[PDB]
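Colleague: The structure is given below, and queries will be raised subsequently.
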Amino acid sequence: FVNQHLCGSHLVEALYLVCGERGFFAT
Amino acid sequence: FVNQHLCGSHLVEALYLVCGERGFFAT
Amino acid sequence: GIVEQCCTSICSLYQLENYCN
Amino acid sequence: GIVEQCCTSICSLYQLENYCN
């Protein structure tokens, strides 16, 4: 089906999305 | 930097992640 | 729809979430 | 850390979120 791992650059995007206003390391 | 678009199969994964128990079309 | 909002453009968490269930 | 939890394995939203801020 689809890959449910969030690696590397997809991990960065997932964080961008879920962290929102309060941000994340290392943006 | 990183791509902030969620297309196709990355869109499916983002939904998997955020929708959780109550699911989504078209899983 | 979701493609326009989340793929062609950039969507938030909250927007994405009204596409759940 | 996040790589083990979210890349090598599969993580939830809630788990992912303790890696914010």
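Simple scheme: letters A, B, ... for chains in structure tokens order, numbers from 1 for residues in each chain, numbers from 1 for ligands in the order shown.
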Could you fit chain A onto chain B with a least-squares superposition over all C-alpha atoms, matched one to one in order, and give me the transformed chain as a PDB file with C-alpha atoms, in the first residue's frame?
Modeller:
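Written out: superposed_31.pdb:
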ATOM      1  CA  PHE A   1      14.520  23.734   1.789  1.00  0.00           C
ATOM      2  CA  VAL A   2      11.863  20.933   2.054  1.00  0.00           C
ATOM      3  CA  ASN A   3       8.742  20.431  -0.026  1.00  0.00           C
ATOM      4  CA  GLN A   4       5.564  21.426   1.871  1.00  0.00           C
ATOM      5  CA  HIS A   5       3.140  20.015  -0.645  1.00  0.00           C
ATOM      6  CA  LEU A   6       1.405  16.738   0.205  1.00  0.00           C
ATOM      7  CA  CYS A   7       0.661  14.961  -2.995  1.00  0.00           C
ATOM      8  CA  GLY A   8      -0.592  11.532  -3.886  1.00  0.00           C
ATOM      9  CA  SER A   9       1.021   8.900  -1.736  1.00  0.00           C
ATOM     10  CA  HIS A  10       2.437  11.482   0.751  1.00  0.00           C
ATOM     11  CA  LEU A  11      -1.058  12.818   1.049  1.00  0.00           C
ATOM     12  CA  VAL A  12      -2.258   9.330   2.035  1.00  0.00           C
ATOM     13  CA  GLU A  13       0.380   9.063   4.677  1.00  0.00           C
ATOM     14  CA  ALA A  14      -0.393  12.494   6.132  1.00  0.00           C
ATOM     15  CA  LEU A  15      -3.965  11.472   6.458  1.00  0.00           C
ATOM     16  CA  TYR A  16      -3.133   8.078   8.039  1.00  0.00           C
ATOM     17  CA  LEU A  17      -1.148  10.055  10.622  1.00  0.00           C
ATOM     18  CA  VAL A  18      -3.583  12.847  11.432  1.00  0.00           C
ATOM     19  CA  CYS A  19      -6.869  11.049  11.076  1.00  0.00           C
ATOM     20  CA  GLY A  20      -6.018   8.175  13.416  1.00  0.00           C
ATOM     21  CA  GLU A  21      -8.879   6.114  14.782  1.00  0.00           C
ATOM     22  CA  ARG A  22     -11.744   7.570  12.848  1.00  0.00           C
ATOM     23  CA  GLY A  23     -10.146   6.900   9.444  1.00  0.00           C
ATOM     24  CA  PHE A  24     -10.341   8.502   5.958  1.00  0.00           C
ATOM     25  CA  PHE A  25     -11.432   8.087   2.299  1.00  0.00           C
ATOM     26  CA  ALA A  26     -10.245   6.088   0.518  1.00  0.00           C
ATOM     27  CA  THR A  27      -7.766   4.282   2.860  1.00  0.00           C
TER      28      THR A  27
END
Colleague: Taking the chain letters and numbering used in this document, name the residues of chain B that DSSP puts in helix (DSSP H, G or I), as a PyMOL selection string.
Modeller: chain B and resi 8-22
Colleague: Those selected residues, please, written with C-alpha atoms and delivered as an mmCIF file, in the first residue's frame.
Modeller:
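File selection.cif, as written:
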data_model
loop_
_atom_site.group_PDB
_atom_site.id
_atom_site.type_symbol
_atom_site.label_atom_id
_atom_site.label_comp_id
_atom_site.auth_asym_id
_atom_site.auth_seq_id
_atom_site.Cartn_x
_atom_site.Cartn_y
_atom_site.Cartn_z
ATOM 1 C CA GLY B 8 -0.592 11.532 -3.886
ATOM 2 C CA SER B 9 1.021 8.900 -1.736
ATOM 3 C CA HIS B 10 2.437 11.482 0.751
ATOM 4 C CA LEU B 11 -1.058 12.818 1.049
ATOM 5 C CA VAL B 12 -2.258 9.330 2.035
ATOM 6 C CA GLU B 13 0.380 9.063 4.677
ATOM 7 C CA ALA B 14 -0.393 12.494 6.132
ATOM 8 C CA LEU B 15 -3.965 11.472 6.458
ATOM 9 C CA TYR B 16 -3.133 8.078 8.039
ATOM 10 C CA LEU B 17 -1.148 10.055 10.622
ATOM 11 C CA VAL B 18 -3.583 12.847 11.432
ATOM 12 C CA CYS B 19 -6.869 11.049 11.076
ATOM 13 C CA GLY B 20 -6.018 8.175 13.416
ATOM 14 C CA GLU B 21 -8.879 6.114 14.782
ATOM 15 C CA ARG B 22 -11.744 7.570 12.848
#
Colleague: Identify every residue of chain D that has at least one atom within 10 Å of any atom of chain B, counting only C-alpha atoms, and report the result as a PDB file with N, CA, C and O atoms, in the first residue's frame.
Modeller:
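Result written to part.pdb:
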ATOM      1  N   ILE D  10       7.062   2.916  13.003  1.00  0.00           N
ATOM      2  CA  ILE D  10       5.951   3.752  12.651  1.00  0.00           C
ATOM      3  C   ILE D  10       5.476   4.466  13.932  1.00  0.00           C
ATOM      4  O   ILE D  10       5.212   3.811  14.931  1.00  0.00           O
ATOM      5  N   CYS D  11       5.380   5.801  13.907  1.00  0.00           N
ATOM      6  CA  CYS D  11       4.925   6.569  15.072  1.00  0.00           C
ATOM      7  C   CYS D  11       3.533   7.168  14.924  1.00  0.00           C
ATOM      8  O   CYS D  11       3.035   7.406  13.799  1.00  0.00           O
ATOM      9  N   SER D  12       2.878   7.416  16.052  1.00  0.00           N
ATOM     10  CA  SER D  12       1.616   8.102  15.985  1.00  0.00           C
ATOM     11  C   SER D  12       1.780   9.640  15.903  1.00  0.00           C
ATOM     12  O   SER D  12       2.852  10.170  16.014  1.00  0.00           O
ATOM     13  N   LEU D  13       0.673  10.328  15.709  1.00  0.00           N
ATOM     14  CA  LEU D  13       0.576  11.758  15.883  1.00  0.00           C
ATOM     15  C   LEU D  13       1.010  12.184  17.253  1.00  0.00           C
ATOM     16  O   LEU D  13       1.778  13.111  17.400  1.00  0.00           O
ATOM     17  N   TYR D  14       0.547  11.521  18.271  1.00  0.00           N
ATOM     18  CA  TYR D  14       0.860  11.989  19.571  1.00  0.00           C
ATOM     19  C   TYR D  14       2.353  11.883  19.835  1.00  0.00           C
ATOM     20  O   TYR D  14       2.946  12.828  20.390  1.00  0.00           O
ATOM     21  N   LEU D  16       4.902  11.835  17.557  1.00  0.00           N
ATOM     22  CA  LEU D  16       5.481  12.849  16.717  1.00  0.00           C
ATOM     23  C   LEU D  16       5.485  14.230  17.370  1.00  0.00           C
ATOM     24  O   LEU D  16       6.489  14.925  17.330  1.00  0.00           O
TER      25      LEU D  16
END
Colleague: Put chain C on top of chain D with a least-squares fit on all C-alpha atoms, paired in order, and send it back as a PDB file with N, CA, C and O atoms, in the first residue's frame.
Modeller:
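The file below, selection19.pdb, is the result:
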ATOM      1  N   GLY C   1      15.233   8.018  19.730  1.00  0.00           N
ATOM      2  CA  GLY C   1      14.845   9.402  19.364  1.00  0.00           C
ATOM      3  C   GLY C   1      13.810   9.350  18.283  1.00  0.00           C
ATOM      4  O   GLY C   1      13.233   8.320  18.066  1.00  0.00           O
ATOM      5  N   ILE C   2      13.563  10.479  17.612  1.00  0.00           N
ATOM      6  CA  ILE C   2      12.581  10.562  16.564  1.00  0.00           C
ATOM      7  C   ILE C   2      12.859   9.602  15.392  1.00  0.00           C
ATOM      8  O   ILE C   2      11.936   9.107  14.791  1.00  0.00           O
ATOM      9  N   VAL C   3      14.108   9.329  15.056  1.00  0.00           N
ATOM     10  CA  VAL C   3      14.415   8.511  13.893  1.00  0.00           C
ATOM     11  C   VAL C   3      14.020   7.062  14.139  1.00  0.00           C
ATOM     12  O   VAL C   3      13.413   6.406  13.328  1.00  0.00           O
ATOM     13  N   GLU C   4      14.390   6.570  15.289  1.00  0.00           N
ATOM     14  CA  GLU C   4      14.010   5.267  15.709  1.00  0.00           C
ATOM     15  C   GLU C   4      12.503   5.095  15.820  1.00  0.00           C
ATOM     16  O   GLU C   4      11.952   4.078  15.396  1.00  0.00           O
ATOM     17  N   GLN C   5      11.846   6.096  16.394  1.00  0.00           N
ATOM     18  CA  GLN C   5      10.441   6.040  16.608  1.00  0.00           C
ATOM     19  C   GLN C   5       9.577   6.284  15.403  1.00  0.00           C
ATOM     20  O   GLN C   5       8.494   5.733  15.334  1.00  0.00           O
ATOM     21  N   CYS C   6      10.040   7.111  14.476  1.00  0.00           N
ATOM     22  CA  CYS C   6       9.196   7.622  13.399  1.00  0.00           C
ATOM     23  C   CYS C   6       9.655   7.210  11.990  1.00  0.00           C
ATOM     24  O   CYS C   6       8.853   7.169  11.068  1.00  0.00           O
ATOM     25  N   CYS C   7      10.934   6.884  11.852  1.00  0.00           N
ATOM     26  CA  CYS C   7      11.504   6.422  10.593  1.00  0.00           C
ATOM     27  C   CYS C   7      11.767   4.926  10.523  1.00  0.00           C
ATOM     28  O   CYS C   7      11.285   4.279   9.616  1.00  0.00           O
ATOM     29  N   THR C   8      12.561   4.378  11.432  1.00  0.00           N
ATOM     30  CA  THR C   8      12.789   2.938  11.485  1.00  0.00           C
ATOM     31  C   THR C   8      11.482   2.218  11.784  1.00  0.00           C
ATOM     32  O   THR C   8      11.164   1.266  11.111  1.00  0.00           O
ATOM     33  N   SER C   9      10.720   2.723  12.752  1.00  0.00           N
ATOM     34  CA  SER C   9       9.413   2.243  13.070  1.00  0.00           C
ATOM     35  C   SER C   9       8.297   3.190  12.633  1.00  0.00           C
ATOM     36  O   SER C   9       8.529   4.143  11.989  1.00  0.00           O
ATOM     37  N   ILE C  10       7.062   2.916  13.003  1.00  0.00           N
ATOM     38  CA  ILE C  10       5.951   3.752  12.651  1.00  0.00           C
ATOM     39  C   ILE C  10       5.476   4.466  13.932  1.00  0.00           C
ATOM     40  O   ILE C  10       5.212   3.811  14.931  1.00  0.00           O
ATOM     41  N   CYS C  11       5.380   5.801  13.907  1.00  0.00           N
ATOM     42  CA  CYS C  11       4.925   6.569  15.072  1.00  0.00           C
ATOM     43  C   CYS C  11       3.533   7.168  14.924  1.00  0.00           C
ATOM     44  O   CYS C  11       3.035   7.406  13.799  1.00  0.00           O
ATOM     45  N   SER C  12       2.878   7.416  16.052  1.00  0.00           N
ATOM     46  CA  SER C  12       1.616   8.102  15.985  1.00  0.00           C
ATOM     47  C   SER C  12       1.780   9.640  15.903  1.00  0.00           C
ATOM     48  O   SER C  12       2.852  10.170  16.014  1.00  0.00           O
ATOM     49  N   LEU C  13       0.673  10.328  15.709  1.00  0.00           N
ATOM     50  CA  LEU C  13       0.576  11.758  15.883  1.00  0.00           C
ATOM     51  C   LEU C  13       1.010  12.184  17.253  1.00  0.00           C
ATOM     52  O   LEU C  13       1.778  13.111  17.400  1.00  0.00           O
ATOM     53  N   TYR C  14       0.547  11.521  18.271  1.00  0.00           N
ATOM     54  CA  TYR C  14       0.860  11.989  19.571  1.00  0.00           C
ATOM     55  C   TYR C  14       2.353  11.883  19.835  1.00  0.00           C
ATOM     56  O   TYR C  14       2.946  12.828  20.390  1.00  0.00           O
ATOM     57  N   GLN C  15       2.979  10.785  19.391  1.00  0.00           N
ATOM     58  CA  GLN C  15       4.417  10.590  19.567  1.00  0.00           C
ATOM     59  C   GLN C  15       5.235  11.637  18.817  1.00  0.00           C
ATOM     60  O   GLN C  15       6.143  12.216  19.365  1.00  0.00           O
ATOM     61  N   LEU C  16       4.902  11.835  17.557  1.00  0.00           N
ATOM     62  CA  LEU C  16       5.481  12.849  16.717  1.00  0.00           C
ATOM     63  C   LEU C  16       5.485  14.230  17.370  1.00  0.00           C
ATOM     64  O   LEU C  16       6.489  14.925  17.330  1.00  0.00           O
ATOM     65  N   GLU C  17       4.349  14.580  17.979  1.00  0.00           N
ATOM     66  CA  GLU C  17       4.152  15.818  18.647  1.00  0.00           C
ATOM     67  C   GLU C  17       5.011  16.057  19.846  1.00  0.00           C
ATOM     68  O   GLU C  17       5.275  17.201  20.119  1.00  0.00           O
ATOM     69  N   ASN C  18       5.477  15.054  20.575  1.00  0.00           N
ATOM     70  CA  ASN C  18       6.425  15.431  21.606  1.00  0.00           C
ATOM     71  C   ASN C  18       7.801  15.742  21.047  1.00  0.00           C
ATOM     72  O   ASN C  18       8.742  15.914  21.812  1.00  0.00           O
ATOM     73  N   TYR C  19       7.925  15.839  19.725  1.00  0.00           N
ATOM     74  CA  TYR C  19       9.184  16.221  19.135  1.00  0.00           C
ATOM     75  C   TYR C  19       9.129  17.619  18.584  1.00  0.00           C
ATOM     76  O   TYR C  19      10.097  18.099  18.050  1.00  0.00           O
ATOM     77  N   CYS C  20       7.975  18.266  18.742  1.00  0.00           N
ATOM     78  CA  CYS C  20       7.754  19.675  18.428  1.00  0.00           C
ATOM     79  C   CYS C  20       8.344  20.501  19.535  1.00  0.00           C
ATOM     80  O   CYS C  20       8.395  20.034  20.651  1.00  0.00           O
ATOM     81  N   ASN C  21       8.787  21.716  19.211  1.00  0.00           N
ATOM     82  CA  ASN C  21       9.340  22.675  20.154  1.00  0.00           C
ATOM     83  C   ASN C  21      10.369  22.049  21.095  1.00  0.00           C
ATOM     84  O   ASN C  21      10.481  22.222  22.309  1.00  0.00           O
TER      85      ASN C  21
END
